[PDB]
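Observations on the three-dimensional arrangement
Each chain, written out:
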Amino acid sequence: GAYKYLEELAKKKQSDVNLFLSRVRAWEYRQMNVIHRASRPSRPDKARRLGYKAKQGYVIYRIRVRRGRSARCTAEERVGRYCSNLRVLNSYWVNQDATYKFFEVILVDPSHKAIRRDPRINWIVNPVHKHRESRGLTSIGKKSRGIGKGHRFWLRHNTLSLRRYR
Amino acid sequence: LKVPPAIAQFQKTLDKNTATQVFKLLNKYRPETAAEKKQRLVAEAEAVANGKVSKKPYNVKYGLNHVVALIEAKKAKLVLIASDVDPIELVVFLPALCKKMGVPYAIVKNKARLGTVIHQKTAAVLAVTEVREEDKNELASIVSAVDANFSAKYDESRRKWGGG
Amino acid sequence: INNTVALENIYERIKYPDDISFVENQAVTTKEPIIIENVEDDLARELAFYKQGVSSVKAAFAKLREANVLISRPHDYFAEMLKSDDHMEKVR
Amino acid sequence: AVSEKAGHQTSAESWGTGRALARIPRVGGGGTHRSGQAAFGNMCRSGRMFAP
Amino acid sequence: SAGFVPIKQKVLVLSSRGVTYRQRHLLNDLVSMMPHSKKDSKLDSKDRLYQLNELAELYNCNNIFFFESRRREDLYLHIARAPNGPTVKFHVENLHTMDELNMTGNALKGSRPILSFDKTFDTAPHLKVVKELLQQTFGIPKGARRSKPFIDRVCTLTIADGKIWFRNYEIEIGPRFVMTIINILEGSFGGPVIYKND
Amino acid sequence: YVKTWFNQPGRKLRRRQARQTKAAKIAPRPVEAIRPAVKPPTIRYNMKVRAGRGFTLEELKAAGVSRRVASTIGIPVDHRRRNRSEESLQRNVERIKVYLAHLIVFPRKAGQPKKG
Amino acid sequence: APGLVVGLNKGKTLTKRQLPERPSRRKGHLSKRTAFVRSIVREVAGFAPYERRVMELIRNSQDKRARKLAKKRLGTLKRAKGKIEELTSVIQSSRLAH
Amino acid sequence: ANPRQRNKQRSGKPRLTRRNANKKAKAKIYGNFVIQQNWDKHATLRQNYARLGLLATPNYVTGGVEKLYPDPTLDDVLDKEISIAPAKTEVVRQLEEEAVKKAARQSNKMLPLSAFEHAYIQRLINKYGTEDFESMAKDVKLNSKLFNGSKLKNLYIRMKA
Amino acid sequence: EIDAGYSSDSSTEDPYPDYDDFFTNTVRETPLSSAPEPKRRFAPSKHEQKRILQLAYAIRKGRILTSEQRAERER
RNA sequence: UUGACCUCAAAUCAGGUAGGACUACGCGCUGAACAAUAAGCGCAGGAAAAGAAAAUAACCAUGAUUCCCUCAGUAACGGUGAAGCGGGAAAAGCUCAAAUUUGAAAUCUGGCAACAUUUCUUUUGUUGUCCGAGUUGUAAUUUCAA
RNA sequence: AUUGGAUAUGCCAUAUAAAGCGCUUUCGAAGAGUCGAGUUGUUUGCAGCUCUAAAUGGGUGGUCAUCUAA
RNA sequence: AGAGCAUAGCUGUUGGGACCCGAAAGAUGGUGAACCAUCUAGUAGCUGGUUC
């Protein structure tokens, strides 16, 4: 397959090929809008493993945020507000420079029939997933609030529990 | 600007004459259309519905994952890479993988032209794996032409940073 | 465990040059055993070791001043001092 | 049990000490007879009963 | 080649992942008092400690100060002579940081201290080894950077009740903590055990 | 905040009504699945035997029940647990085997095309 | 009858069993295809600016400075030692080819 | 007290009263018809399971049990075969009787062959006999689908019956 | 010994090289994958046979017009 | 040139969808005073969140999450203050990315035409055909327990 | 009157199919501006900034055990 | 040649608003230096009162 080569090339982010493409595309993305639609993901390997399928109902959006809260968390929220009818699936890092960090956000149309008839993404149609990025339910949102398993990661200790027979 | 050698190599494409001869062989091995496939299958359906064993089909191979797997298996005799893939890193390794596997390869123009062979809007890479006995000499002559007009040519140019 | 013979060989092998003076080697052992014997009274032992330490310091200071290298720190000479802003404020 | 806000729903403040009246807070505003009436206390009418 | 402008004693100060605030507090301190020490990053391994010899050769530091953290509750300082030499492992007790108001021994930073060791070090051959390694490391050798010619600090060392007191003096320099011996090995962070303190 | 337990007898009744609600749906099969027998993981408790989460794959293979059949007849599977000793294996293999002896599995209707 | 007796004990007798290796413990093992993919990409992608400088020092036999630069960039020693070994073999393969 | 609740107190409209309060009444049984017929509606589910001879829990019970009246080695665990269990109640016998009789009714597991399946296997047999299935699978001309010897063996077996 | 010295680097006291093929200069002669070839590549496609049976079914049920009766409807 | 592809736009074009309100409980962000404190801002549901171990342990080992009891006012820290085990309630497991369907894109939305179906003339589908999506990858298969 | 899960039974069933178990002279891909390092802030976690990986590797624990993140 | 454990009451004591009424606030967010709402039952060694 070609996603093995694409994903091992994405680890050498400052190599000659990757550095030239980082600087060429960073200039191109700056001429576009702050949030602009992407015809296809700039990282087809990374979007594919984050839940993206090349089918109707899946949308890729690019957004630049200023460097200097989590940068990826704000990209998910800003795009979610821009496309209020879509559900933010996931997001990832595509490019950066001295000023901006560029992210691509995967959104899913909960009203398209190709989404509502697909059991593997049928879950995002339910109302409990309205604005997942707004409640810290995405991948970076969950990581932001320290959700995980282990010792590395209140109300039930500030209350007096008085039983009936005590 | 200055471009790395792995991206600079895509500006040196196959010449018009050799590319035109390449697509003459490719157009003999186009995959059957969605309509032609349905006609063939319904024809066999009537022979089953009423009452009643073939040869292996012949067509050009397409798809990026499919073609890369064929090169790694050394099943491809000729690999034709589009010169204008929108993310270039999709095919930026293909000339190197084809060099490592000893696969005759060429960079042709207009990824749209590649898609037209396969009845698609767009194809990133086409690969001829194995053709009929009638076209063995035609493919062999093309592979020799690609060796001279693409591999013998350039080559020293593909190791130099382009642009600037 | 507690191999005295092996430990003695290691001590001699890594031993500093005895010819180096107390000021030269920056080491002058206390003349008498440390008076800090009150384990329970650590504060008293701290003052008890203060007299032993100062006596060793004073004896070494005379030895240090003897071989040039002025033992007394010159106030005019603004040598780097281990006095952080928080540490100096905490001291005062 | 009584309500967790009974006798404290109104808004009042202590007018001061030495003004020829008890220093218990008196409900502010005007137009209603609550003006000057005391609350937030067991003795005052419509006030917090001691130890709810 | 091997080195230029040689200095007698050069230390290397490191810590392990999980060091608490007080553990890294003292690590920030001991770096200040001896300037001939190199402050490195955290060590990834916890049972491949032989790499500290490779690190020491890289920075040409003959002494190693590994403030290992165990269970995030205890500090086990390892002092060792980097090329071969012995490795000594002290447990730290009764911490006294710089930020505490009891800190009153304002001495000259980089000034060569006078190290006074009690006869308790000379009582046993192994305690002599502890004295020597402690003397070479804490003592600031001549020619090092930030070194000062004037003498404004005097180190006083004593094993009281079998456990070392750090009573360095300018007045207490500030680090007052116990160095309880545990074991000494024949090699640099390795080799068979030759001492068990018990 | 002070937590009060006035709904303690109302939770008891509500939980019992759920057991009755569950039993009405699944009339003859047990309201609980069979659990393995394990030993707690400390020197304070390793002498005691308590109930586990599910049976290991090596325990199911010895008993003769596949890991796909097991879930369908009320036998939980624990892919995480393993048998470091032969006593844990035999203690729970017998537990599965006894369970199969006392079990009646009602037959299911199967779709059966005409030919082929 | 099906029934679990909880408490007391079941048996102090022990017989240690040999367990096989789980598939998750196989992770990190290098594949014949992943090793091929990485060799192709490493050549195609090129080298980072810090990898170019490190490669220069190794070419001039200044390994002490090379290891120091790799550790200062990567962060730890075993990451620096691995990178130096990877780049040293790149030089050796380049010299054999060229 | 709420403005919303005071609003319906001040209205003339009646409340949406729903009379659903029915405590102490237990859920009625569906699913199995045999259990439903023999299930009494007053007893608990523990009392009914015990009366019908079934087990409510295959594990321990985390409490006491009611007392209404005063009472008056791996080889032998792996190679063993437990001899099922007797039915203590007529209900359990009724459940067991239904399961065996229904399983006997649904027992036709062997399958016939279709027109293509029969002609396929018949042509292979006419050339390679009926015992050499390994050479039967290796004949590309007649075994177009490339069925192995085990699939061809099962085809012949289904043709016999 | 390590002499505890300094190496003049301690803090205390081609921009565009040519492409180098150090791996692809030689040609790999064997296929990358040693996995066995499945039988599906030497036998008629089972995906098409699925559709053929599905089409043959609906021809019997009259859902799809047969080729002979397709022409008659056209004219 | 015709003509494909990529763009960039347009339409009172067709089908959709978001806003506001409530906010006891819930999940984020932010934050003083006398603490994830009130407030402030953002976002849900009938529950939410969490969730099938980059988890504990050091044992004869345990086995997703959640809640209760206990551990325990303990370790640790500098008065704050857990967690493992243990006892209960409830229990259910799974889905992708990374493989060539390559002897056959086997996948999907929509238009149109019939045929059904309904909590319902209001709902929800089926079959056929055409167009589009899709090879820069849609199905089948696989998820380490393999 | 509206419904749910079963039972019984008629019809239809694209099975040339699809599964579990068993056996191996054949194979077995595993998520990166992440992990991690330095440093600066918020309340260890999190966040910024500089740097930036590996492949029996990596994480967390006591050579060993356990787990398999992004 | 173990006297504890549990519950109830009494009394004393330490926390919570802590016998009641009492001292300028401050902070957050609003409305037109001011005003309003909440935190707040903020802080009291002191004042007055504290029932057969």
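The record names cryo-EM as the way this model was obtained, at a resolution of 3.0 Å.

Let's talk about the interface of chain E and chain C
Taken together, the 41 residues of chain E in the interface contact 51 residues of chain C. Taken together, the elements giving at least two residues each to the side of chain E that touches chain C come down to β6 (114–117), α4 (125–138), β7 (154–160) and β10 (190–196) of chain E. Considering every element that reaches the side of chain E that touches chain C, the biggest residue donor is α4(E), with 8 residues.

Some remarks on helix α2 (residues 16–31) of chain A
For α2(A), built from 16 residues, the straight-helix expectation of 22 Å at 1.5 Å per residue is met to within 8% by its first-to-last C-alpha distance of 24 Å. Residues of α2(A) that are buried: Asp16(A), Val17(A), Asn18(A), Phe20(A), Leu21(A), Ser22(A), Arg25(A), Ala26(A) and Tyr29(A).

Notes on the protein's contact with RNA strand J
RNA strand J sits among 119 residues. The nearest are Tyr3(A), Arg145(A), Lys37(B), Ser24(G) and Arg33(G). Contacts to RNA strand J include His151(A), whose backbone N or O atom sits 3.0 Å from a phosphate oxygen. For the surface near RNA strand J, the class distribution of residues is 36 nonpolar, 30 polar and 53 charged.

Points about the pairing of β6(E)
Side chains on a regular strand alternate between the two faces of the sheet. Residue and element names in this part refer to chain E. Every second residue of β6 is oriented toward a common face, with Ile-114 and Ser-116 on one face and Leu-115 and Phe-117 on the other, all of them buried. Pairing between β6 and β7: 4 bridges, direction parallel. Bridge pairing links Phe-117 to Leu-157 in β7.

Concerning the nonpolar core
Nonpolar side chains in soluble globular proteins tend to be buried together. Counting 67 residues, the largest nonpolar core has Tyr5(A), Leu26(B), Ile71(B), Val79(B), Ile81(B), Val91(B) and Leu94(B) as the members making the most contacts within it. When residues of this core are assigned to their parent elements, the largest contribution, 6 residues, is made by helix α1 (residues 32–45) of chain G. What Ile71(B) contacts, discounting residues up to four positions off in sequence, is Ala76(B), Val79(B), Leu94(B), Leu97(B), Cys98(B), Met101(B) and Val103(B). By size, the runner-up hydrophobic cluster in this structure holds 38 residues, among which are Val13(E), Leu75(E), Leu77(E) and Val88(E).

Things to note about the pairing of strand β3 (residues 87–96) of chain A
All names here are of chain A. Within β3, 8 of the 10 residues are buried, which leaves the element mostly enclosed by the surrounding structure. With 8 bridges connecting them, β3 and strand β4 (residues 100–108) associate as antiparallel partners. When the bridges of β4 are listed, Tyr-92 appears paired with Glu-104. In this structure, the hairpin formed by β3 and β4 is closed by a connection of 3 residues.

Things to note about the packing of aromatic side chains
Scanning all chains against the criterion turns up 21 aromatic pairs over all chains. Taken together, a centroid distance of 6.1 Å and an interplanar angle of 90 degrees make the contact between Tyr52(A) and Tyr58(A) edge-to-face. Exposure remark for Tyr52(A): the relative accessible area of 14% places this residue in the buried category. Across from the ring centre of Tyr100(A), 5.4 Å away, lies the NZ or CZ of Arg64(A), which sits over that ring. Across the ring face of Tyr59(E), the terminal group of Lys38(E) is positioned such that the distance to the ring centre comes to 5.0 Å.

Digging into α1(G)
Compared with an ideal rise of 1.5 Å per residue, which puts 14 residues at 20 Å, α1(G) spans 20 Å between its outermost C-alpha atoms and is within 8% of the ideal. Within α1(G) the residues assigned to the buried category are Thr34(G), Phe36(G), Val37(G), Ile40(G), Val41(G), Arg42(G), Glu43(G), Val44(G) and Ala45(G). Buried residues belonging to α1(G) abut α1 (3–9) and α2 of chain A, α1 (5–8) and α5 (94–100) of chain B together with α2 (49–59) and α4 (77–97) of chain G.

Comments concerning the pattern of salt bridges
On inspection of all chains with the given rule, the structure shows 46 salt bridges over all chains. The partner of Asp86(B) in a salt bridge is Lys111(B), with the nearest N and O atoms 3.8 Å apart. Of this pair, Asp86(B) sits in the loop between β3 (78–82) and α5 while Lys111(B) sits in helix α6 (residues 111–117), and the two are 25 residues apart along the sequence. Among the residues examined, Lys111(B) registers a relative accessible area of 14% and is labelled buried. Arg42(G) is paired through a salt bridge with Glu86(G); the nearest N and O atoms lie 3.2 Å apart. Taken as a pair, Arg42(G) in helix α1 and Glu86(G) in helix α4 lie far apart in primary sequence, 44 residues in all. Assessed through its relative accessible area of 6%, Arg42(G) is described here as buried. A cluster of three or more residues bridged by salt bridges with shared partners is formed by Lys4(A), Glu7(A), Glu8(A), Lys11(A), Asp45(A), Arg49(A) and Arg38(G).

Some details on the interface of chain I and chain E
On the side of chain E, 19 residues touch chain I, which itself brings 11 residues to the contact. Both faces combined, the contact of chain I with chain E buries some 1300 Å², and carbon together with sulfur accounts for 51% of it. The three residues of chain I that bury the most area against chain E are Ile2(I), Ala4(I) and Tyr6(I), which together make up 47% of that side's buried surface. Inspection of the chain I/chain E interface yields 1 salt bridge. In this assembly, chain I and chain E are joined by 5 residue pairs in polar contact. In the side of chain I that touches chain E, the residues fall into 3 nonpolar, 5 polar and 3 charged.

Some thoughts on the protein's contact with RNA strand K
The environment of RNA strand K is made up of 83 residues, and the closest members are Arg49(A), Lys115(F), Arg25(G), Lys78(G) and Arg79(G). The protein-proximal atoms of RNA strand K, defined as those within 4 Å of the protein, are 63% sugar or phosphate. For RNA strand K, a sugar or linking oxygen lies 2.9 Å from a polar atom in the side chain of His151(A). In this structure, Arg79(G) approaches RNA strand K through a side-chain N or O atom, which is 2.4 Å from a base oxygen. The element contributing the most residues to the surface near RNA strand K is helix α1 (residues 46–61) of chain I, with 6 residues. Broken down by class, the residue content of the surface near RNA strand K amounts to 16 nonpolar, 24 polar and 43 charged.

Rules behind the numbers
- Residues numbered from 1 in each chain as written, not as in the entry; some residues may be left out.
- Chains lettered and ligands numbered in written order.
- Part of a larger assembly, values for the part shown.
- Heavy atoms only, no water.
- Residues with missing side-chain atoms left out of burial classes, pairs and counts.
- Contact = heavy atoms within 4.5 Å.
- Helix = DSSP H or I, 4+ residues; strand = E, 2+ residues; numbered from the N terminus.
- Expected span 1.5 Å × (residues − 1).
- Buried < 20%, exposed > 50% of the residue type's maximum accessible area, 1.4 Å probe, protein only.
- Near = heavy atom within 4 Å.
- Polar contact = N/O pair within 3.5 Å; in protein donor to acceptor, adjacent residues only side chain to side chain.
- Nonpolar A, V, L, I, M, F, W, Y, C, P; charged D, E, K, R; others polar.
- Pairing = 2+ DSSP bridges.
- Core = buried A, V, L, I, M, F, W, Y, C linked by side-chain atoms within 4.5 Å.
- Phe/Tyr/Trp six-rings, centres within 6.5 Å; stacked < 30°, edge-to-face > 60°.
- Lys NZ or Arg CZ within 6 Å of the ring centre and 35° of its normal.
- Salt bridge = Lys/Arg side-chain N within 4 Å of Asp/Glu carboxyl O.
- Buried area = accessible area lost by both parts, 1.4 Å probe.

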